[PDB]
Amino acid sequence: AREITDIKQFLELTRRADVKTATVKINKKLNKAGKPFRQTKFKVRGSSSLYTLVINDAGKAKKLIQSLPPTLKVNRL
Amino acid sequence: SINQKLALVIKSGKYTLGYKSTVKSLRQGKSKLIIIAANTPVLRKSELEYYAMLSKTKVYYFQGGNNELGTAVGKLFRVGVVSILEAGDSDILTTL
Amino acid sequence: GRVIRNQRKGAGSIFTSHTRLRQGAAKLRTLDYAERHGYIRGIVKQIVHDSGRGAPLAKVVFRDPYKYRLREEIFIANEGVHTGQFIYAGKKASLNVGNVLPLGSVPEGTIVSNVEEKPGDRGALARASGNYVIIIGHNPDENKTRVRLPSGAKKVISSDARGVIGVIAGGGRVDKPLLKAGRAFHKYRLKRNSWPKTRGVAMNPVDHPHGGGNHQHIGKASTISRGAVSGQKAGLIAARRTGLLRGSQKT
Amino acid sequence: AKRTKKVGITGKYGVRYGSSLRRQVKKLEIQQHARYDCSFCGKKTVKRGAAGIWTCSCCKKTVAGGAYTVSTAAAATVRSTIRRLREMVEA
Amino acid sequence: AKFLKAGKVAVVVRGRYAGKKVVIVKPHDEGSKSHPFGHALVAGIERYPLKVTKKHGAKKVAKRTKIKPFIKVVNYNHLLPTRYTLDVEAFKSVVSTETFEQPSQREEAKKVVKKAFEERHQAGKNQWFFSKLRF
Amino acid sequence: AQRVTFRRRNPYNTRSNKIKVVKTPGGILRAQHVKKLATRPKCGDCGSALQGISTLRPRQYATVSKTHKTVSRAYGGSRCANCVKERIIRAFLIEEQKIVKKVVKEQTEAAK
RNA sequence: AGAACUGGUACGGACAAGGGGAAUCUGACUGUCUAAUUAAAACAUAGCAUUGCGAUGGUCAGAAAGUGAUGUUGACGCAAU
RNA sequence: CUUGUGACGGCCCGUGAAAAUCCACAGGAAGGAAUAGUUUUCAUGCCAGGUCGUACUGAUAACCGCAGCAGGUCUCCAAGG
RNA sequence: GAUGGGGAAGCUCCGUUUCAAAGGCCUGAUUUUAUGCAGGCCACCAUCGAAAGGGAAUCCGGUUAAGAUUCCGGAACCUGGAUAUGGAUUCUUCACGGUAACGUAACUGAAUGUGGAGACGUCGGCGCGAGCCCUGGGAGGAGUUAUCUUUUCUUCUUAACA
Ligand SMILES: [Mg+2]
Ligand SMILES: [Mg+2]
Ligand SMILES: [Mg+2]
Ligand SMILES: [Mg+2]
Ligand SMILES: [Mg+2]
Ligand SMILES: [Mg+2]
Ligand SMILES: [Mg+2]
Ligand SMILES: [Mg+2]
Ligand SMILES: [Mg+2]
Ligand SMILES: [Mg+2]
Ligand SMILES: [Mg+2]
Ligand SMILES: [Mg+2]
Ligand SMILES: [Mg+2]
Ligand SMILES: [Mg+2]
Ligand SMILES: [Mg+2]
Ligand SMILES: [Mg+2]
Ligand SMILES: [Mg+2]
Ligand SMILES: [Mg+2]
Ligand SMILES: [Mg+2]
Ligand SMILES: [Mg+2]
Ligand SMILES: [Mg+2]
Ligand SMILES: [Mg+2]
Ligand SMILES: [Mg+2]
Ligand SMILES: [Mg+2]
Ligand SMILES: [Mg+2]
Ligand SMILES: [Mg+2]
Ligand SMILES: [Mg+2]
Ligand SMILES: [Mg+2]
Ligand SMILES: [Mg+2]
Ligand SMILES: [Zn+2]
Ligand SMILES: [Zn+2]
């Protein structure tokens, strides 16, 4: 329900010692009339709120998922 | 009366109308004399002579309200206070 | 016969006054050490219309001399009193409109209102809109004062009784005709249930002394002696005279 | 244009209540709705809130006055009379 | 004659320090590029010293005599000049137009005026200036 | 043209029962109750709606931080800015007048 | 708003939707009542007039009270006609 | 069209509730640091939130009129021509 | 509508702050120990009375033979309480910036006092919002098609909270 726009803030937020799960959503969006791009969302289920990070770059999306801690339960959908 | 002296100030000397202008003039030391209407807010009145006391400026109180003072200086609106920057050709500064 | 209407008011079932919207009992400040030895100062905050009362109220704020509080009083506004005006109450107060000088320390011919009949009862006399009291003269020894009431009757009261200087605001209220039962309806809607009034002559004889008959007529004399008992006092009670007033009242 | 001849403000009461009664209310109602000088701010911004309550829209000042006018004749005599005694007793 | 001089004491009537005594250190009648209006460089006190009695001994007095000063640019329209005065010599140099526009030298400018303020208040100097304006 | 109904057990169009018809992600029209509108805080002196202060129902004021309920000036969340200015002006002048009255009073008595 | 043209003179085409005038009696008006035979010319009303009362009071209530209504009231008020 | 709201204007001899509850300010009692404190009106972090009603009709059949009575019974939403 | 009181033979009546000796509030000491002494503080002085007045906090989707703002899934908020970390501030101890209206992530504050909110009529017109109605383009489905009709009907939605 709250937005995070800082990747550094997001990555440390995954180490809050309370979050147990997270999900990754893939969307097909149109930047303009011609080009369809792939949208990815990073949602972390905090104890008190849900934090969503949105990435419009496929390259940055991949670099992030390898950087997620292994102990975190990630859901792909 | 006294308004006839004021009328000559308007046609000859220079002056200011309104509370904000006169205190600015009084602050810079360019004011020689101020005139206060009878119905002026007494708090606004009170700070004026204190300002005048700091600047060593003569003070005179008009025997009339806002409307009478405004008509005294030949203006269609009401004036609560006027300041005399220069007599020009009048005689109010020496008298009263 | 049936209990007539004027008896039935005493029980106070539905005949009590409607007091929801009133802002409070309009009484003078209590008589304490400060007022009977000096004077105290007050500030007029609100000038409020009182429901069921023609005159407006004056809401003056005082300082408690003994504790750090801000005792707030409710006065009856005199004509000429404005918000933010300083109000002086006490024996040594200056004679100005709205002041509460005791009747002993005020010269003759002065106008006062909301006058106390006894010192310390916080105002009894001349409390209606447009009403006032004349001070005729004093009696220095056995301090005691003679005043004129709105009724035209001369009353002599103690010199230490207080009374506010001026005339009660809202005068001339009764000059305008109402023109409408609704205006009367709304007027009495906030005072008490005493309207409309039904003529006794238009009543059954069981309901009123005047009732009954093949023609609407009182029958007996309508001047009722003061010695009559409840249920007979229906009409002109203890009427010294009657009929149209031609000539001076000779009071 | 001139909408009415004599009734003036009392045209809202129509053809009823009687001419004389309509005449008296007209005289009082005009004073009721009129605008008066502000004794403090010197403006045509004094109106009646309720019976006897007259307030200045500017300067936010309220003064107690007549039920239908800012001040009646009796108070004017009283205020002078009070002032007559005041300078009589101080000197 | 103009009275807003480099030693007068005034009262701020508007702003965060409303009702605080200030002493004019550097006047500017004909405004400036940064402030196109008659302004000054007053120095004032934010936390006035507390009352001190005989009972407090040697540490409550020290605690109760703390002074929090401040320096600000203020329009003349937001000041009431007083008939009182308080000379400014030990801290008229530090208070200047370039003392502002970066925080670095602001604090030790406040540090100097803090020393001067308490030093005068330590002696029996200018009681009215150090007395809190009650309203 | 769906017609909505009250979501609670009060069928009377009272002040506490005001509704606002809204459209849900389900595609249907469902009424929702709206709370009574907040009233701006007012000045104690000038009687006007003093600004810079969040306007909520009284109980919610216990939730928000101190910043929303005050201004950084003396009489922050209580009096109007101009109201503060005039009372500061009023204070200094009258207190100064007290010295003026006092020196006059002791002067005139010393003469006699 | 206007103009041509057109029809078995039809056209607010169904629906919807004031009869009017000349006078007399009586109540000024809006309003209220005899639920279940009488809605009126009766009642009320604004206006007018009269009477009582300055509170240790007037009118009225209770068996009594250290009891009550008017009265959070004060003659431009309250009470009775 | 319905409804909410803002700024206004008109009306009064009518000016059109109270309390619980929450907050702010004034005030400066008290407590406070430097080898360490102060702070839970900033963020995050933990736990708990009892008791009672919750079905349906609400009317030419679920209510009262002896009844499955053409009577009576408060209210919300209201498409097109 | 009790109590203190006052009537009445009595069932009970009057009265709700009144001719009353009408109490708890918080801090600290004592760590034989539980709480009396240390204090200070304050003056209404029972209670009941509204499922339409005031009032802390929830929405969406789905599910049953019959329940749902209550159940399931997801996402929030309030009150009360224990707290640990981060942040903030301090050697000028209890923050800074802006001329100003004022701004921020915070940014001591007891007794006492003041203010605000709660908290408010009705009518008329005007502006603005939401929902509904109307309608175009397009993307799907259905109807009529002896003849005509880029046609007729229908779906295209986004809650609380941040
Ligand atoms: Mg009646
Ligand atoms: Mg009969
Ligand atoms: Mg009989
Ligand atoms: Mg008879
Ligand atoms: Mg409710
Ligand atoms: Mg703010
Ligand atoms: Mg804000
Ligand atoms: Mg019948
Ligand atoms: Mg009939
Ligand atoms: Mg009749
Ligand atoms: Mg009586
Ligand atoms: Mg409606
Ligand atoms: Mg209005
Ligand atoms: Mg249910
Ligand atoms: Mg149900
Ligand atoms: Mg149902
Ligand atoms: Mg139904
Ligand atoms: Mg139904
Ligand atoms: Mg039945
Ligand atoms: Mg009882
Ligand atoms: Mg209860
Ligand atoms: Mg309730
Ligand atoms: Mg209400
Ligand atoms: Mg909600
Ligand atoms: Mg159901
Ligand atoms: Mg759930
Ligand atoms: Mg900061
Ligand atoms: Mg309020
Ligand atoms: Mg959205
Ligand atoms: Zn004014
Ligand atoms: Zn203000």
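Looking at the method and resolution fields of the entry, one finds cryo-EM and 3.1 Å.

**Student:** Even after reading the chapter, I still don't get the UniProt feature "zinc finger region: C4-type" in chain D, so can you show me in this structure?
**Tutor:** Taking the UniProt record as the reference, the feature "zinc finger region: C4-type" is found at residues 38-59 of chain D. With 0% helix and 41% strand, the stretch residues 38-59 of chain D has end C-alpha atoms that lie 9 Å from each other.

**Student:** Got a minute to help me understand helix α2 (residues 73-90) of chain D in this structure?
**Tutor:** Each full turn of the α-helix corresponds to 3.6 residues, which orients residues three or four apart in the same direction. Look at α2 of chain D: 26 Å from first C-alpha to last across 18 residues, which is about the 26 Å you get at 1.5 Å a residue. Residues of α2 of chain D that are buried: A75, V78, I82 and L85 of chain D. Along the long axis of α2 of chain D, the arc covered by the buried residues comes to 85°, so they all point the same way. Exposed side of α2 of chain D, more than 90 degrees from the buried face: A73 and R84 of chain D are the residues found there. In the core, the buried residues of α2 of chain D are packed alongside β5 (111-113) and β9 (164-165) of chain C.

**Student:** How do you make sense of the protein's contact with RNA strand G when you look at a structure like this?
**Tutor:** All names here are of chain C. The local shell around RNA strand G holds 66 residues, among which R53, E117, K118, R192 and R240 are the closest. Counting only atoms of RNA strand G within 4 Å of the protein, the sugar-phosphate share comes to 77%. The separation between a phosphate oxygen of RNA strand G and a polar side-chain atom of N131 is 2.7 Å. Elements with a contribution of two residues or more to the surface near RNA strand G: α1 (5-8), α3 (181-189) and β11 (236-237). When residues in the surface near RNA strand G are grouped by element, the largest group, three residues, is from α1. Each residue belonging to the surface near RNA strand G can be placed in one class, and the counts come to 26 nonpolar, 21 polar and 19 charged.

**Student:** Got a minute to help me understand the state of the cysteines in this structure?
**Tutor:** As used in these notes, a disulfide is a covalent bond between sulfur atoms, one from each of two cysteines. All names here are of chain D. A complete count under the given rule lists one disulfide over all chains for this structure. The disulfide bridge from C38 ends at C41, spanning 2.4 Å between sulfur atoms. Classification of the bridge connecting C38 and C41 rests on its S-S torsion, roughly 120°, and on that basis the disulfide is right-handed. The pair formed by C38 and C41 is uniform in burial state, with each residue classed as buried. In this structure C59 is a free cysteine whose sulfur lies 4.7 Å from that of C41, the closest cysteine sulfur available. On the accessibility criterion, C59 (35% relative accessible area) is partly exposed.

**Student:** So what exactly am I meant to see when it comes to the protein's contact with RNA strand H here?
**Tutor:** The environment of RNA strand H is made up of 54 residues, and the closest members are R16 of chain A, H49 and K176 of chain C together with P11 and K66 of chain F. Within 4 Å of the protein, the contacting atoms of RNA strand H are 72% sugar and phosphate, with bases supplying the remainder. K69 of chain F places a polar side-chain atom, nitrogen or oxygen, 2.6 Å from a sugar or linking oxygen of RNA strand H. Those elements that place two or more of their residues in the surface near RNA strand H are α3 of chain C, α1 (19-33) and β1 (46-50) of chain D together with α1 (60-64) of chain E. Its residues assigned to classes, the surface near RNA strand H comprises 20 nonpolar, 13 polar and 21 charged.

**Student:** Teacher, can you tell me more about the packing of aromatic side chains here?
**Tutor:** Under the definition given, this model contains 15 aromatic pairs over all chains. Plain terms: the ring middles of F91 of chain E and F117 of chain E are 5.7 Å apart, the flat faces sit at 75° to each other, and that makes the pair edge-to-face. Taken together, the positions of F91 of chain E in the loop between β8 (79-85) and α2 (104-122) and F117 of chain E in helix α2 put the pair 26 residues apart, joining distant regions of the chain. With respect to class, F91 of chain E is no different from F117 of chain E; both count as buried. A ring pair is formed by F129 of chain E and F130 of chain E, whose centres lie 5.3 Å apart and whose planes are at 85°; its orientation type is edge-to-face. By the burial criterion, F129 of chain E is buried, and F130 of chain E matches it. Connected via pairs of aromatic rings, a cluster forms that spans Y50 of chain B, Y84 and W128 of chain E together with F92 of chain F. The aromatic ring of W128 of chain E is capped on one face by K21 of chain E, whose charged end is 4.0 Å from the ring centroid. The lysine or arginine in question, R87 of chain F, covers the ring of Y75 of chain F, its NZ or CZ lying 4.8 Å from the ring centre.

**Student:** Just to check I follow, could you spell out α2 of chain E for this structure?
**Tutor:** Between its first and last C-alpha, α2 of chain E extends 28 Å over 19 residues, near the 27 Å set by a 1.5 Å rise per residue. Looking at the buried positions of α2 of chain E, the neighbouring elements they touch are β2 (21-23), β5 (43-47), β6 (68-71) and α3 (127-130) of chain E.

**Student:** When you look at the arrangement of the chains in this model, what are you seeing that I'm missing?
**Tutor:** Between all five pairs of chains that are in contact, chains C and D come out with the most contacts. Without any contact between them, chain D and chain F keep their closest C-alpha atoms 9 Å apart.

**Student:** What am I meant to see in the packing of helix α3 (residues 42-55) of chain B against helix α1 (residues 81-111) of chain F here?
**Tutor:** Between two packed helices, what matters for the description is the angle formed by their axes and the separation of those axes. In the contact formed by α3 of chain B and α1 of chain F, the axes pass within 10 Å of each other and the chain directions differ by 55°. Taken together, the axes of α3 of chain B and α1 of chain F lie oblique to each other. In this structure, the crossing between α3 of chain B and α1 of chain F has a hand that is left-handed. Touching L43, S46, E47 and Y50 of chain B of α3 of chain B are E86, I89, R90, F92, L93 and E96 of chain F, all from α1 of chain F.

**Student:** Just checking my understanding: could you explain the environment of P177 of chain C for this structure?
**Tutor:** The topology assignment puts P177 of chain C in the loop between β9 and α3. Those residues in contact with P177 of chain C that sit more than four places away from it in its chain are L21 and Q24 of chain D.

**Student:** Just checking my understanding: could you explain the sheet that holds β8 of chain E for this structure?
**Tutor:** One open sheet accounts for five strands, arranged β6-β5-β2-β1-β8 (chain E); its pairing is antiparallel. The open sheet has two edge strands with one neighbour each: β6 and β8 of chain E. Neighbour-to-neighbour, the strand axes of this sheet turn through a mean angle of 35°, independent of strand direction. Bridge analysis of β5 of chain E against β6 of chain E gives four bridges, and the strand direction is antiparallel. If you follow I45 of chain E over to β6 of chain E, its bridge partner there is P69 of chain E. α3 of chain B rests against β1 (8-12) and β8 of chain E of the sheet, and its axis sits at about 50° to β8 of chain E. The strands that α2 of chain E touches are β2, β5 and β6 of chain E; relative to β6 of chain E, the one it contacts most, it runs at about 130°.

**Student:** What exactly am I supposed to notice about the interface of chain B and chain F here?
**Tutor:** When the parts come together, some accessible area is lost, and that loss is often what is quoted as the size of the interface. Taken together, the four residues of chain B in the interface contact six residues of chain F. Carbon and sulfur atoms make up 79% of the area that chain B and chain F hide from each other, which totals about 430 Å². At the junction of chain B and chain F, the tally comes to zero salt bridges. Applying the counting criterion to the chain B and chain F interface returns zero residue pairs in polar contact. Split by residue class, the side of chain B that touches chain F holds two nonpolar, one polar and one charged.

**Student:** Quick question: what am I supposed to make of empty space enclosed by the protein here?
**Tutor:** Any empty space left between atoms is shown by rolling a water-sized probe over those atoms. Size it by volume and the largest cavity reaches roughly 70 Å³. Taken together, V44, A58, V60, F75, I76, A77, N78, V81, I87, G98 and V164 of chain C form the lining of the largest cavity. Counting residues per element, the ones that place at least two in the lining of the largest cavity are β2 (56-61) and β3 (72-76) of chain C. Taken together, the residues of the lining of the largest cavity break down into nine nonpolar, two polar and no charged. If you add up the space inside the second largest cavity, you get close to 40 Å³. Taken together, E47, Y50 and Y51 of chain B, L80 and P81 of chain E together with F92 and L93 of chain F make up the full set of residues lining the second largest cavity. Top element by residues in the lining of the second largest cavity is α3 of chain B. It accounts for three residues.

**Student:** How do you make sense of the interface of chain C and chain D when you look at a structure like this?
**Tutor:** Listed per partner, the contact involves 32 residues of chain C and 28 residues of chain D. When the two sides are added together, the surface that chain C and chain D hide from each other amounts to roughly 2500 Å², 72% of it contributed by carbon and sulfur. Counting across the interface, chain C meets chain D through zero salt bridges. One can count eight residue pairs in polar contact joining chain C with chain D. A per-element tally of the side of chain C that touches chain D places strand β1 (residues 39-49) of chain C first, with three residues. Among the residues making up the side of chain C that touches chain D, the classes are represented as 14 nonpolar, 12 polar and six charged.

Analysis parameters
- Residues numbered from 1 in each chain as written, not as in the entry; some residues may be left out.
- Chains lettered and ligands numbered in written order.
- Part of a larger assembly, values for the part shown.
- Heavy atoms only, no water.
- Residues with missing side-chain atoms left out of burial classes, pairs and counts.
- UniProt positions renumbered as here; feature names shortened; annotations may be inferred.
- Helix = DSSP H or I, 4+ residues; strand = E, 2+ residues; numbered from the N terminus.
- Expected span 1.5 Å × (residues − 1).
- Buried < 20%, exposed > 50% of the residue type's maximum accessible area, 1.4 Å probe, protein only.
- Arc of directions from axis to C-beta.
- Contact = heavy atoms within 4.5 Å.
- Near = heavy atom within 4 Å.
- Polar contact = N/O pair within 3.5 Å; in protein donor to acceptor, adjacent residues only side chain to side chain.
- Nonpolar A, V, L, I, M, F, W, Y, C, P; charged D, E, K, R; others polar.
- Disulfide = S-S within 2.5 Å.
- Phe/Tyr/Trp six-rings, centres within 6.5 Å; stacked < 30°, edge-to-face > 60°.
- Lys NZ or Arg CZ within 6 Å of the ring centre and 35° of its normal.
- Axes fitted to C-alpha atoms, helices over the stretch in contact; angles between N-to-C directions.
- Parallel < 35°, antiparallel > 145°, perpendicular 65-115°, else oblique.
- Left-handed = near helix turned anticlockwise from the far one by under 90°.
- Pairing = 2+ DSSP bridges.
- Buried area = accessible area lost by both parts, 1.4 Å probe.
- Salt bridge = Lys/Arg side-chain N within 4 Å of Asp/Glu carboxyl O.
- 1 Å grid on protein atoms, 1.4 Å probe; cavity = no way out; pocket = protein on both sides within 12 Å on 5 of 7 lines; lining within 4 Å.
- Points joined across faces, edges and corners; volume = space filled by probe spheres on them.

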